[PDB]
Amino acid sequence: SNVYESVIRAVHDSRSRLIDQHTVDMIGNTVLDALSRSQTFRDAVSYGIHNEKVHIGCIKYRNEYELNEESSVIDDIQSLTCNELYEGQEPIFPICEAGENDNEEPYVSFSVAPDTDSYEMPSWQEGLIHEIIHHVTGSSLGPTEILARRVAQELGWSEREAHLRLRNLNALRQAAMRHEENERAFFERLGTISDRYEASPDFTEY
């Protein structure tokens, strides 16, 4: 509860490295739902407090991506089009990792949120929690996937490699399509953040 507000502000402090407001909300909604309802997320979080691992409140969030080097497109992520997301030769996929900056502050990079009630949401949420789990439990594997599975089950959320890929793809697509009226800037925001550069925290470019 000391921790709910810290996380809320952490999420607010993450806007400039995230793709859209929708992703800002999904993150808030899911991390805090887990924190409230999931006995194993709470133990894992609590463990990190009491064992001098990462305090959830410190964790900030990013939508970092990178080029696919089995592609047949290059250039940059900031110069990609709706259509290129439809022509495993996919331009990009996101950096899904629990990292820390040069200043040793912990962050989670992960896919852009899919749309509410899409098929790919429950899996997205599980993934996000999984990466958080890496930080709070001190882990840089089986144990953490299992752990996240349990959280996902406790919360009622509904080959692995391929599935993971199409999930990460449409999520990109869904987000893109979301802003089709602002396509160019969406990608110029995405390319911006993937270059570890800080964008509009109020998404003024929408």
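Don't overthink the numbering: it's just position in the shown sequence, from 1.
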| query | finding |
| --- | --- |
| Count class of deposited residues lacking coordinates, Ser158 to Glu159 | 10 or more |
| Between neighbours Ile74 and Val73, residues that the deposited sequence lists but the model omits | 1 to 3 |
| 2 to 10 set against 197 to 205, stretch whose average Cα temperature factor tops the other in the entry | 197 to 205 |
| Between the two ranges 12 to 20 and 188 to 196, the one averaging a larger CA B factor in the entry | 188 to 196 |
| Highest recorded Cα temperature factor - choice among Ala98, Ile129, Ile77, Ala113 | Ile77 |
| Residue, from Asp43, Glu154, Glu145, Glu180, that the PDB entry assigns the highest Cα B-factor | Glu180 |
| Entry-reported Cα temperature factor of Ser118, expressed as the chain third it lands in | lowest |
| Chain third (lowest, middle, highest) by recorded CA B-factor, residue given as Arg62 | middle |
| Cα B factor band for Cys82 (lowest, middle or highest third within the chain) | highest |
| For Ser139, the third of its chain into which the C-alpha B factor falls | highest |
| Third of the chain's Cα B-factor distribution that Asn29 belongs to, per the entry | lowest |
